[PDB]
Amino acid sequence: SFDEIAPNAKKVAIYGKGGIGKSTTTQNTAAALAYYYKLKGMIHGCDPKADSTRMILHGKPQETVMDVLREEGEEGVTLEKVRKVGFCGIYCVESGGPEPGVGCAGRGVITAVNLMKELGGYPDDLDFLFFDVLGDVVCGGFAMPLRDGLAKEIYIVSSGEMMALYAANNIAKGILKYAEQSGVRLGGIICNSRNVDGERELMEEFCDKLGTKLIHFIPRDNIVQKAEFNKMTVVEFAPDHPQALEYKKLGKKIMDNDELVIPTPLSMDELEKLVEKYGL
């Protein structure tokens, strides 16, 4: 069952709109937890972009599970080819997916999670396990962590943008749908700032209406791009930089989080009027 895999670990899944900063937040948060707090972790990329583990692997792209299955076949698959070790011993896995227009994009997630369970790719002694999931659509393999209770705690990365909040509200609808069946809950909304006026204020009212909390406000900092150029995470590049400490704060907040709640999704009218009220 999905509850027996890494039982001593805090299973978390990060959802959000495309390009909102899920990979950046998930990788830097995991890097902070493994570096400052010396915790054993693992990242399972459930985004077909397949770059959710690049900064942990120091710029080296990882072969996806679908790519390895396609070339080596089910017989020639080894845990060493699909799971790599990066910064501070963080294990990395990329689910991947089918070619655009071929089948269901989420199918790669289900195959990778089942293969990881089969090969014992999730260490029992793990302290945290993160899943970078595509949140533009809540269906198939993308909605599997919410439906099958793979990760009990969900966090959505969002900005003041209408699309980002719309996606977050849709993910909350999926959480509410299988909240009693799977026991999945929303830990909070993580705001990846875009440097707009009154972004935090809009996000805090959005969380109030959604029945959750704005767990953390990540500022927009060019250190992310400077670190990405040296093929490293911000934590690995400059652990003393204020940005690295922001990910450290978020990391501890996620670990010590207890306010997990079933969401109260907003209506399409409530969301629009909330966006119009602030008018960023």
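All residue numbers refer to positions in the sequence shown, first residue = 1.
On average the C-alpha atoms of 66 to 74 have higher B-factors than those of the other stretch, with 50 to 58 and 66 to 74 being the two compared.
In this entry, 203 to 211 has the higher mean Cα B-factor, the comparison being between 203 to 211 and 103 to 111. Across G86, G141, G198, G135, the greatest Cα temperature factor reported in the deposited entry is at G198. Among the modelled residues of the chain, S95 sits in the lowest third by CA temperature factor in this PDB entry. Ranked by C-alpha B-factor against the other modelled residues of its chain, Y166 falls in the middle third. In the PDB entry, a CA B factor belonging to the lowest third of its chain's modelled residues is recorded for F130. Among the modelled residues of its chain, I262 has a C-alpha B-factor that falls in the middle third according to the deposited record. When the modelled residues of the chain are ordered by their C-alpha B factor, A151 lands in the middle third.
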